[PDB]
Amino acid sequence: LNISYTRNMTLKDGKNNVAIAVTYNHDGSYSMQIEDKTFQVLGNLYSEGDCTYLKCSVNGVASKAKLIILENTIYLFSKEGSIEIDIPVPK
Amino acid sequence: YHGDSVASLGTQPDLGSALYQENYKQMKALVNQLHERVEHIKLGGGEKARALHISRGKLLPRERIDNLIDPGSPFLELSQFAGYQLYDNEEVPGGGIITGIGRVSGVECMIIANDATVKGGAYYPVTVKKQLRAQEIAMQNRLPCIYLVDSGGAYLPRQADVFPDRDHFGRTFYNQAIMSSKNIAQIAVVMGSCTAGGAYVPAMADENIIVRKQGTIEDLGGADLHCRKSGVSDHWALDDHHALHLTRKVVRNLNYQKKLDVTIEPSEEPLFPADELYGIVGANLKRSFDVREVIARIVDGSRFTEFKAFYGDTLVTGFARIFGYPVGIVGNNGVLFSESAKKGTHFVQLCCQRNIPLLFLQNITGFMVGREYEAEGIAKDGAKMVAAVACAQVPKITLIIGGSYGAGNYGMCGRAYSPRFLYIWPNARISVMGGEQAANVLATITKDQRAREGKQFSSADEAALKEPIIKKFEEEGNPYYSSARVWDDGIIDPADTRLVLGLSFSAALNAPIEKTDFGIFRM
Amino acid sequence: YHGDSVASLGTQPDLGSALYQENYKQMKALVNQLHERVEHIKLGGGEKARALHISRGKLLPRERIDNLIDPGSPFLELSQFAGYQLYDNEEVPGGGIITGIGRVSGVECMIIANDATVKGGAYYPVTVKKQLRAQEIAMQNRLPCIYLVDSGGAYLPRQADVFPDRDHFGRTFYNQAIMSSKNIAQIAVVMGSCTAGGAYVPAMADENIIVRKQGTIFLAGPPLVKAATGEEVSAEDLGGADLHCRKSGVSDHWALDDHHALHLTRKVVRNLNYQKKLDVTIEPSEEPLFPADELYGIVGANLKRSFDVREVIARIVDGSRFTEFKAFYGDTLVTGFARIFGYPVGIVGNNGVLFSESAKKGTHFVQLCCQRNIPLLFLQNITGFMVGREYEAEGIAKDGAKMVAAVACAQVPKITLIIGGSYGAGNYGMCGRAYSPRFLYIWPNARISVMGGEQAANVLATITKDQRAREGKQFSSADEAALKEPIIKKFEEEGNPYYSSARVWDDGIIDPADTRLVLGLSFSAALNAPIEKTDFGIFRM
Amino acid sequence: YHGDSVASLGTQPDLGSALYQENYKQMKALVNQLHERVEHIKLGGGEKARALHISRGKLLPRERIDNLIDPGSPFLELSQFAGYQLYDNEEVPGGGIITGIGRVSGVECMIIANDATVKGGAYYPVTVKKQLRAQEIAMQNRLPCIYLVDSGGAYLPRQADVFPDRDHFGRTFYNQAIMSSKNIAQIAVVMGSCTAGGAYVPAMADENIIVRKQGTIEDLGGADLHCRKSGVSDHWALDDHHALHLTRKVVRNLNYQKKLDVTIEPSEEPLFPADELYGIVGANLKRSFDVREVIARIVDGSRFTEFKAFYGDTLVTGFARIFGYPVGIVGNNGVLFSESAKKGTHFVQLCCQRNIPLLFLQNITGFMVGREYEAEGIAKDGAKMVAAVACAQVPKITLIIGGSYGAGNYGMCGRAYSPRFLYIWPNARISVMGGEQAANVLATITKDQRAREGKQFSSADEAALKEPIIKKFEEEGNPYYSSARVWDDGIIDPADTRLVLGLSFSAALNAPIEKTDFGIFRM
Amino acid sequence: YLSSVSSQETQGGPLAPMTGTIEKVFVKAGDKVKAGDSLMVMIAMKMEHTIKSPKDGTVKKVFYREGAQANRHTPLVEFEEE
Ligand SMILES: O=CCCCC[C@@H]1SC[C@@H]2NC(=O)N[C@@H]21
């Protein structure tokens, strides 16, 4: 009510912890700030066969990738490449 | 069979019209003013206090709530403006306490968290009232209560307004004991120091959680002493994040499942944009608008079945649905008459018989004034509605979209009549009577005073009488004045009216609807 | 078989002792001060206002009550000191309203009469609170409500504290509607002008009586009709008219004068078809074995000195007979069974600082009374500072809560009497105002506050001695009383019984010699409602 | 404290006035006519039938009742005139059955005895209706039922009106089964032959008594076969006197004690003689009298507290006491108006709230007729009273002391609204409308018929229309016509009004008073 | 109130029960009457009503004559002030 929710998320890329400030916009998009850069992110999940696909647009750039979240690792498969991101495990 | 086509309310406003342009501009400024003031309140005590709070390893109070509730779930905060300019030289953002309704482990719960950055979490008189209001909401709707306890005790300079009376700090423990006896779970999370009466909150709770070093009820209190030796602690938490994780587990073990007493239909969005309410309503209470326009922009599909449309037309009553829930809507469309009061009394009986929640839209300007109306028992008719509204046991929600003056407030389910929630728009005004009426009335009494006494009383003497009165009523009828004290549950943007009502009615349905018993209807 | 001989409480005090002589002298002065202040409040607005009131043919408000109740029956007035010095320059004797419990046609009823001689019967913020308290008492005990309506409307200069909130003037009509739905009769007698918003009170009543010439009922006054429609109307024509009695139908009975209206009211109550039924066992009444006025010497006015609460009990219970429960365990608290005017009562009274054993003993006792449906009486004398609480005072926190939780959930009638100090959480455990005792009374020597005045002074004398010792600028002993003297004065002023009673925190200040009579009347009224089963929460073992 | 002095109703009538002399003379003749007709009905079948009945060793039906009830106790007989001239050529005194309420072993019971001297005890259609009415009275008031069975079966020539329908002979056994399930004792005394359905009555009873040789349900039935072999008989009696003695013992073992739900005050006689009602009321329904005069002569001490005396003055409502019982009295004093209906509706709610029995005194002449009254919803107001009266759960007793026409009958608790008892004075008239109104209405329809058609319709043609209508309504509105069929529970002498009401209310108090649930009050 | 002097005070003067023709007048312009003395007879919807004297006061004046139609609740007789 009368304010915007900003979520502080932490993700690990290799040995580096990345702090992401995610703001939930009214229209359903997300404003993510990493360090000094801001990104406008919007997307949805759709299923092809048995594989879940993530359709997203970052700062107006649209792309599709296969999303798998197993244990504490996020697997993103795109024709550009594959990236693994680790979700920190609470002590 | 639900395939019947039906008519829909609402009309397209004239966006080019000068009135619409002016009304939109004025209402927009009020909404922007409301937004930026909340932003300041969001910061609590300030940068120095916030930096000190984090330096001790503790989460900020609003970050605690974000982590407690389900991911991405909306949070309905209440009384954001409590304590706004209430005290002469002390700034108490939000009253030093944050209260609201959110979903924890899929269950709607009332969350009451002390803001330690505001005066070290001391309890001001408004702080007690805000907490007591939250407990009243939780009990009436059977919502589990979660207390994020980080407090510094009562504010000694104002002790007489905190300690002694029935609605003073003592009532907080009374409410906890009563809710526990009714199987309304009471969960306390000690995330800081609690002293004197504060120590009772964890002790009076059904289940209790305390942080390893921050919490104190260290040698005298502390998690280790209470967890292992005193036994006051039911769960032991390493840090704030751990405690919030434990709280979610505790709620999941309540063995509670929500059951609905009302029929449900698929939700539909209104057929008109909500932001058009800015142009339609504006900020000038002297101008009048059709309340049906407001209804058309908040109900599912803008579908509305009007009851007694042509009788007592100054009052609008009908059936609709908000987010699938059935609702009976009562809204003012002019001065209250004998026919309007009778029409309202008939409608309220219908809703109570069918167990249909009631929504009131207060925009009043008074009762009909006239010798004939009194001879026909307008007071008798107006009382019929005050008496039906009071006895109704269906959930009641009140929204003040305009003026709220005199006995018209009571008939439209004012604060005194225990509506489950009460909200006000930023353009609302509330007082015993309109500012002008009080000025004019006095301008009769003292014009008489000096005409009858015989010393003449001139027109300039009139505004030395009228201007102070109008200023007082304007200042004390302001929405912020009403909301700073807990008279309403918050000031809401008109574009958010549908969402707030949907969340409020959903929470109110956690309790079973009881049968309504009426008094004697003075025919 | 009830022929068993039993022991009795009480001992004969040493009348010659200097302590008794001093204590009697001090307490007597307080009682005399209390009596003469009530005499002044008895006069209401004053001679000029009273003369004007009678000149209109109307009875004085207290004469109305005398004629309404049964001949010679006692009248239990409540909150006589409401509004005493509450407002800076305005004197509002009794808050502008007289409330109490009396017998009408053999039925105990709550009587709420506006005092038209006080500010013309206008409703001050305290006036609303006093009326709301009376309605709360009537509902909790199922007492029919009789409203002797003679009012001038709300006090506009203080409207924000009268109109808007839940416990403001609007709640008065809400209470009437709720009581009516529960078959608690609501009777209104309009014996004078009913102003805007007061016209609802006659209408919301089950049965209504209006005086022929004096009574006027109108939602809008002749001035508002004149402002809104430019029409001039006499008050009698606009409302309270033969129009209200016949044409409008708002009036159920028509009365020639005040005496006639009061006679009609007695007839209305006689037709309620109500008969009182008792849920408790009854035994013949017996007077206490010791004089009540000895309480003056025993108690005195010095809260620092201590006395045995058993002495107070011995002088109010039937025959001074008392069965003590857990006498040797947690001796700082006294619990036992007795009888007052034949009614069974469980008495809980402080005899020192509260301990863990005392709290456990109290919690056990309260469960016993709730199981047997026995009314509970609390005698609060919480001790303040001096040697002080146990220095750890940590164990006490866990134990104290159990008692707060048992006392809150108890459904038996509860009456609280503050015969001494009432400080901090000790107030809550002993059924303070926040815990909805049916009645709450205080003796003229009582003191109530968040903590004792000395403790607040000493605590601050630690914080700022620390403030300047730790900061490094020295803070001297004379700097200490520039800190302590204002605090002690504030707590003494705000803990005074008149300060507490001026606002409605208690139901009245009572002479100790009248304690037995007041308790007997209060418990008798509280028994008009059936005793419900008690449901407890979780006992944190 | 009950020492207050109060005002009393009533005034001394002018005995010398010609109107009083005429009214007394006319009413006295009606009462004398009523008395002598009952004397004839008292004889049942006749001397030959009575002689034959006694020759078999059996007691006469009315002597059986005299011996059954407590010595000297009053007996309230019901529907004495059932079957009076009902059938063209057959005389059926009292319908062939005697029903009433009397005290047996100190307990109020309903006694239903077949009159074997009348058509051999055969069941005529009116006989079934009279018995069913008695059973309805017993169930509504929880009165034990005693059946003195001596019957000859159904009357075959009129079987279609006895056997098939819901309210036909079959319902008698249904009522017995239902009352037994509610612990309302059913006692049958077979003092004669019972065949076909008759045999079910002893079989369906909780306890049963049969006479040695007279009773049959001899070889095929008989007391010995059922008592010793079939087992249908619970007690075996030598003669009628023995059976009645056994019945008193059976009732004494019911383990029942009467409990009163209402407050009681010492009884007081009215301050005026009852026989003055003859002069006050008379037999001319066109003249009007003050109903307060009737009230003043039946209530304890002639004390009456009037409610809303000056509002809707055509209706009188107030509180009084009869034989110590509290009663709320509603009586007509003119044409019903909107104010009168509202006043009645308010009063009925008061009595239901306090659980006070209601007494209605019907002397109606219709509703107010006018364009303005309809525009103000007189029908809406009249319906308010029909709806409140129907839902009231307090015991209701109706006494028709004058006319009873149209919808005014319904509003004043007519037979259709289940009053516990309904009595009529010998001067009463009841019909859909007054005889004159039906005549005048037709005199408009056919005057129109021939004026609009064009053939002239003369004044002599008017009474060839009006005289047959007036004769029909006079004949069918007569009290004997109404009482011959079971529309009321009896025609009572006005001087006996107080006694009959006292007995009736006393019987009605055997059942606990339930809470009243109202429908929607159309405001 | 118990004295019944009040019964005279409850209403100043007799009113017409309903709108109906005046069929009989029993009182002259100045006539001494006692409570219960019939003053007028009125027929309304073919229903006869006889007006009776409220007080023992002498009659000051009469507002209607025979054959006049009197509206409901209209004063029929004026009584001398005592
Ligand atoms: O506003 C100034 C005084 C005259 C207008 C006030 C109107 S009259 C109709 C309505 N009812 C009230 O009590 N006030 C307003």
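In the block above lies the structure referred to throughout.
Numbers given for residues start from 1 on each chain and follow the written sequence, which can depart from the numbering in the entry; residues without coordinates are excluded. Labels are handed out in written order, letters beginning with A for the chains and numbers beginning with 1 for the ligands. All values in this entry refer to the displayed chains, which constitute part of a larger assembly. As a rule here, side-chain values come from all non-hydrogen atoms in the structure, and water together with hydrogens is ignored.

## With respect to the overall build of chain B
Phase 1: By definition, any uninterrupted DSSP run of H or I lasting at least four residues is a helix, any uninterrupted run of E lasting at least two residues is a strand, and each is numbered from the N terminus. What chain B contains, in helices and strands, is 18 helices and 15 strands.
Phase 2: We compute the radius of gyration over the C-alpha atoms and compare it with the globule rule, which gives 2.2 Å times the number of residues raised to the power 0.38. Here the C-alpha atoms of chain B give a radius of gyration of 25 Å, agreeing with the 24 Å that 2.2 N^0.38 yields for 523 residues.
Phase 3: Counting all 523 residues of chain B, 61% fall into the buried class.
Phase 4: Surface accessibility of chain B: about 20,100 Å² in total, with carbon and sulfur atoms responsible for 51%.
Phase 5: By the counting scheme adopted, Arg and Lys are positive, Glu and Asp are negative, and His together with the chain ends is not counted. A charge is said to be at NZ when it belongs to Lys, at CZ for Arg, at CG for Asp and at CD for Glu. Here chain B holds 57 positive side-chain charges and 59 negative ones, and the gap between their average locations is 3 Å. The buried label goes to any residue with under 20% of its type's maximum accessible area, the exposed label to any with over 50%, and the partly exposed label to all in between, with areas taken from a 1.4 Å probe on protein chains only. Each accessible area value is a Shrake-Rupley result obtained with a 1.4 Å probe; residue values ignore everything except the protein chains displayed when judging cover.

## Notes on the pattern of salt bridges
Phase 1: For this document, the term salt bridge refers to a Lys or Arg side-chain nitrogen within 4 Å of an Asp or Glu carboxyl oxygen. In this structure the tally under the stated criterion is 94 salt bridges over all chains.
Phase 2: Between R166 of chain B and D167 of chain B there is a salt bridge, with the nearest N and O atoms lying 2.7 Å from each other.
Phase 3: Residues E276 of chain D and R297 of chain D are paired through a salt bridge, measuring 2.8 Å at the closest nitrogen-oxygen approach. Remark: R297 of chain D occurs in the loop between α10 (291-296) and β8 (305-306) and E276 of chain D occurs in the loop between α8 (240-252) and α9 (277-281); sequence separation between them is 21 residues. The same class applies to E276 of chain D as to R297 of chain D, namely buried.

## Examining the packing of aromatic side chains
Each pair of aromatic rings is reported with the distance of its centres and the angle of its planes.
Phase 1: Centres within 6.5 Å are what make two rings of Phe, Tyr or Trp a pair, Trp counting through its six-membered ring; a difference in plane orientation under 30 degrees is then read as stacked, over 60 as edge-to-face, and the rest as tilted. With the rule as written, the count across this model stands at 61 aromatic pairs over all chains.
Phase 2: Judged by centre distance (6.2 Å) and plane angle (5°), the rings of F439 of chain C and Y441 of chain C are stacked. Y441 of chain C carries the same exposure label as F439 of chain C, and that label is buried.
Phase 3: Ring-pair connections join several aromatic residues into one group, and the members of that group are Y123, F163, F169, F173, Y174 and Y200 of chain B together with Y428 and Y435 of chain C.
Phase 4: Only when the NZ of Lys or the CZ of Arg is both within 6 Å of the ring centre and within 35 degrees of the ring normal is a charge said to sit over the ring. Its end group placed over the ring of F323 of chain B, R498 of chain B keeps NZ or CZ at 4.3 Å from the ring centre.
Phase 5: Of note, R503 of chain C hangs over the ring of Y499 of chain C, and the distance from its end group to the ring centre comes to 3.5 Å.

## Thoughts on the sheet that holds strand β3 (residues 107-114) of chain C
All names here are of chain C.
Phase 1: Spatial strand order, β1-β2-β3-β4-β5-β7-β9: seven strands in an open sheet with mixed pairing. This sheet does not close on itself; its edge strands, each paired only once, are β1 (76-78) and β9 (253-255). Put simply, the sheet's adjacent strands are angled 20° from each other on average, direction ignored.
Phase 2: Here the rule is simple: two strands pair whenever DSSP picks up at least two bridges between them. Sheet analysis places β1 next to strand β2 (residues 97-104), joined by three bridges and oriented antiparallel. Considered in β2, the bridge of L78 is made with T99.
Phase 3: We call two residues in contact when some of their heavy atoms are within 4.5 Å. Working convention: axes come from line fits to C-alpha atoms, limited for helices to the stretch in contact. Angles between N-to-C directions cover 0 to 180 degrees. Relative to the sheet, helix α4 (residues 125-141) contacts β1, β2, β3 and β4 (145-149), its axis offset from that of β2 by approximately 25°.

## Looking at the environment of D70 of chain D
Residue and element names in this part refer to chain D.
Phase 1: Here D70 is to be found in the loop between α3 (61-68) and β1 (76-78).
Phase 2: Each C-alpha atom of the pair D70 and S105 lies 6.4 Å from the other, and the pair is 35 residues apart in sequence.
Phase 3: Beyond its immediate chain neighbours, meaning those up to four positions away, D70 contacts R103, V104, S105, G106 and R248.
Phase 4: Within the structure, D70 has its side chain in polar contact with the backbone nitrogen of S105 (distance 2.9 Å). Definition of a polar contact: a pair of N or O atoms within 3.5 Å, with one able to donate and the other able to accept a hydrogen when the atoms are protein atoms, and with sequence-neighbouring residues admitted only if both atoms are side-chain atoms.

## Let's talk about the interface of chain C and chain B
Phase 1: Contacts between the two partners involve 76 residues from chain C, matched on the other side by 74 residues from chain B.
Phase 2: Put simply, buried area is the surface a 1.4 Å probe can reach on two separate parts but cannot reach once they are joined, added for both. Approximately 6,400 Å² of surface area, both sides summed, lies buried where chain C meets chain B, with 63% of it carried by carbon and sulfur atoms.
Phase 3: The three residues of chain C that bury the most area against chain B are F163, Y200 and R540 of chain C, which together make up 12% of that side's buried surface.
Phase 4: At the junction of chain C with chain B, the criterion picks out eight salt bridges.
Phase 5: For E136 of chain B, the salt bridge is made with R166 of chain C, and the minimal N-O distance between the two is 4.0 Å.
Phase 6: It is helix α5 (residues 170-181) of chain C that contributes the most residues to the side of chain C that touches chain B, eight residues altogether.
Phase 7: Each residue is assigned to one class: nonpolar for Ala, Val, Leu, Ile, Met, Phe, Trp, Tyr, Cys and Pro, charged for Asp, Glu, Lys and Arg, and polar for all the others, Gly among them. Of the residues in the side of chain C that touches chain B, the class split is 41 nonpolar, 15 polar and 20 charged.

## Focus on the sheet that holds strand β8 (residues 305-306) of chain B
All names here are of chain B.
Phase 1: In spatial order, the strands read β8-β9-β10-β11-β12-β14; together these six strands make up an open sheet with mixed pairing. The sheet terminates laterally at β8 and β14 (421-424), the two strands that pair on one side only.
Phase 2: Across two bridges, the pairing between β8 and strand β9 (residues 315-322) is antiparallel. Looking across to β9, one finds that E306 is bridged to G318.
Phase 3: Packed onto the sheet, helix α11 (residues 338-354) meets β9, β10 (325-332) and β11 (358-362) and runs at close to 25° relative to β9.

## Here we look at the site of the ligand
Phase 1: Neighbouring the ligand are the residues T365, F367, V369, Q437 and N440 of chain B together with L224, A227 and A228 of chain C.
Phase 2: Each of chains B and C places residues next to the ligand.
Phase 3: Within the backbone of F367 of chain B, an N or O atom sits 3.2 Å from a nitrogen atom of the ligand.
Phase 4: With respect to the ligand, the side chain of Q437 of chain B contributes an N or O atom lying 3.1 Å from a nitrogen atom.
Phase 5: Considered on its own, the ligand offers 380 Å² of accessible surface; in the complex 73% of this is hidden by protein. Summary of the distance rule: residues count as near a molecule or strand when at least one heavy atom falls within 4 Å of that molecule or strand.

## Here's the deal with the side chain of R297 of chain D
Phase 1: Classification of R297 of chain D by relative accessible area gives buried; the value is 1%.
Phase 2: In this structure the side chain of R297 of chain D is engaged in a polar contact, spanning 3.1 Å, whose partner is the backbone oxygen of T11 of chain D.

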